[PDB]
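Colleague: Structural data only, the sequence is not supplied:
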C-alpha cells in the first residue's frame, strides 16, 4: 500500500545518498544510517511518512537528502518524539 511504498522511498533515499560518505560505505556506516532511518520511521504515522517521502522523492544530491532528514529530526525532537542523542549518523 501507500505506506509500504513511502517507507521504501525513505529507506532508498539514504542509499541514493551513498549513506552520506565518500567512496564505499562500510557495514558500520550502513548500519548506523539505516538504524537512524528505522528509528525515525517508528516515531511517525502514515501521513507523516507520506509527507517526508514527498520531500525526498527525486532528490539526487546527498547533502540535500541529508538536509531533509535533519529537518525531520528537528521537527521530531521539538515534538518531544526524539531526544538529542537518539539520532546520530543521520544528522551529523
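Modeller: It's in. Numbering: from 1, shown residues only.
Colleague: Could you report the separation of residue 69 from residue 63?
Modeller: Residue 69 sits 11 Å away from residue 63, going by Cβ to Cβ, to the nearest Å. C-beta coordinates here come from the backbone N, C-alpha and C atoms, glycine included.
Colleague: ok, now residue 56?
Modeller: Taking Cβ to Cβ, one finds residue 56 at 13 Å from residue 63.
Colleague: do the same with residue 53
Modeller: For residue 53, the distance to residue 63 equals 19 Å [Cβ to Cβ].
Colleague: So if I had to pick from these two, which one is more boxed in?
Modeller: Neighbour count, other Cβ atoms under 10 Å: between residue 53 and residue 63, residue 53 has more, with 19 against 9.
Colleague: Check the secondary structure at that one for me.
Modeller: Using DSSP: H, G, I helix; E, B strand; the rest coil, the secondary structure recorded for residue 53 is helix.
Colleague: likewise residue 60?
Modeller: Residue 60 falls in the coil class when you classify it by three-state DSSP.
Colleague: and if you look at the one 4 residues further on?
Modeller: Classification of residue 64 into helix, strand or coil gives helix, according to three-state DSSP.
Colleague: Quick check: it vs residue 47, distance?
Modeller: As defined by Cβ to Cβ, residue 64 lies at a distance of 23 Å from residue 47.
Colleague: The two: who's more crowded?
Modeller: For residue 64 versus residue 47, the count of surrounding residues by other Cβ under 10 Å is larger for residue 64: 13 against 10.
Colleague: what about that one, distance to residue 25?
Modeller: Distance from residue 64 to residue 25, counting by Cβ to Cβ: 18 Å.
Colleague: Next: residue 50.
Modeller: As judged by Cβ to Cβ, residue 50 and residue 25 stand 27 Å apart.
Colleague: now the helices for the protein?
Modeller: Remark: helices assigned in the chain by DSSP state H are 2-16, 27-43, 46-56, 62-78.
Colleague: So what touches the third one?
Modeller: Spelled out, it's helix 46-56. Residues outside helix 46-56 that contact it (Cβ atoms under 8 Å, 6 or more residues apart in numbering) are 2-3, 5-7, 9-10, 13, 41, 44, 65, 68, 71-72.
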